[PDB]
Structure formats: structure tokens, C-alpha cells
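The chain below stands alone, shown as C-alpha cells; this is the form deposited in one PDB entry.
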């Protein structure tokens, strides 16, 4: 019995009334094709907030010319069903023209945090992310917004935006939800051929390896990177786009580990470009 709100105007009118009353709002922004990674955040919100809102919007601004915008899975009826069973109050599913009624007269761009890793590999991608997340925060006016550590760089950037723009929103980061074999859940996994689906499991395996090496005491980035790379290269035939060690959330490449870092991966299959990571350390 989850309500489907289709326009920005109706969504905002609902939230303004809720905000001016004492009702706490939980928000989970998504691009649809929901999986248990998304649902885990929804369940969290439903057990903590008065109302939980889930947005389903494939944001064109965060897709590059040669990426998968046209093939991105779109299944609102199912998403709506999956959300209903969790107990979420509303699913916000706006039209593209409603979100972007015309040429933007103001532009938002990410600084240094987007000059490395995914930001360097997908130029402008995060500018598109912060643009739509900023709008969604103003449309839904949540007290708590949930994001997955699956997109670690994204998380750090959204946090920076919340700080820089003074959004009265507390960001909650959830750990990576994985399939039974370890594969990090992602709507894009549907792009995987029955073969790639098997090879793709090695991203997580390689991270388990990285974790064990770190656990035993290894702190030289190059040693971990080489072991992880060597492993992947002997278990997958796809092209490995990235195997890096950066401080987190600062995003400064580390050669020797003495603080909190995240070991991230990027692998390009036929059409599915998957990513995974592990955030570890204290400082």
C-alpha cells in the first residue's frame, strides 16, 4: 500500500506539511531496479522514522555519452511492490522534464574529490550526482538520507555537499549488501552474461584477500595492490579498470597505510561496469 507520487509539486507539498508537523522523514534515493541493497536501507528507515520515502529516478546528468543510460533497468511496478512489503510510505517517481523543466541557469560542480578514481574515469559524473541529490534533498526535505558504502566516493562527495550547502540532513551510510556468493548487489548485474556472473564474483574474493593481508599486518599499498591485481587477472578475463588504495573519506592516494582507507575496484565487462570496495582502518 505504498503511495506512488509522480510529480515534484505533489511530493514537496506532502513533505512541507510533514516537516512543519513533528513527523521525521527518512529518504532513500535510488535509480530503480531495486535489490536488497536498496531494501536494507528502506527497512532501516522504516524502523526509525515516522515516514520513509524512496525516490526512483534515472538521472540523465550522471550518465556519460558512451555509458548505459538507454539500457538501465526500469521496472517501477516491481520496485513499488518490493517497497510496499517493506512498509515504506511513498515512492517518488518523477518525469525527467519535471525534475529538469529546462536549461539549468545555475551549475554545480565537485572539486578535488572528483579529480581521482571514478571522478577521473567518469568526467562530470559526480557533478550530475550532486546536482540531482541536492534537488532531491530540497524536494523531500529528509531528516535522514541513506546511501550505500558500495559507492564510497559518492558517499564522501554527498557528505561534502551536505556540509558545504548546510543541508539539515544526517547522512547514514550502509554496508555493502551482497549476493550469496559475495557479489555486491547492483541493478547493473543484470547486464552480466551467465559467464560474467561467475567471473564477477572474484571482485569480492579479491577484497577478502586484500582484507586478510591487511588483517595480518600488511600496510604497503603496493603489496596489497599487486596481490589483488594478480588474483583478479587469473580469475577474470575482463579488463580491470582500477585497483587502488586511498585514504577515506579524504580520497588521497596512499602508498603506506597508517589510517582509514578504502581499497576500491572497477572492472569493465561486456556492458556491465562493476565496482566494489572495502573501507578499513581507524584514522
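Rigid core: the largest C-alpha set superposing within 1.5 Å between the two forms. Residue numbers count along the first chain shown, from 1.
Heads up, the form deposited in another entry isn't pictured, but that's what we're talking about next.
For the residues 194, 85, 170, 77, superposed on the rigid core between this form and the one not shown, a C-alpha shift of 2 angstroms or more shows up only at 194. Residue 254: CA moves 2 Å or more between this form and the one not shown after rigid-core fitting. Core-superposed comparison between this form and the one not shown: the CA of residue 206 exceeds or equals a 2 Å shift. A displacement of 2 angstroms or greater separates the C-alpha positions of residue 182 between this form and the one not shown, with the rigid core held in common.
Inter-residue distance, residue 125 to residue 236 (Cα): increased by at least 3 Å in that other deposited form versus the depicted form.
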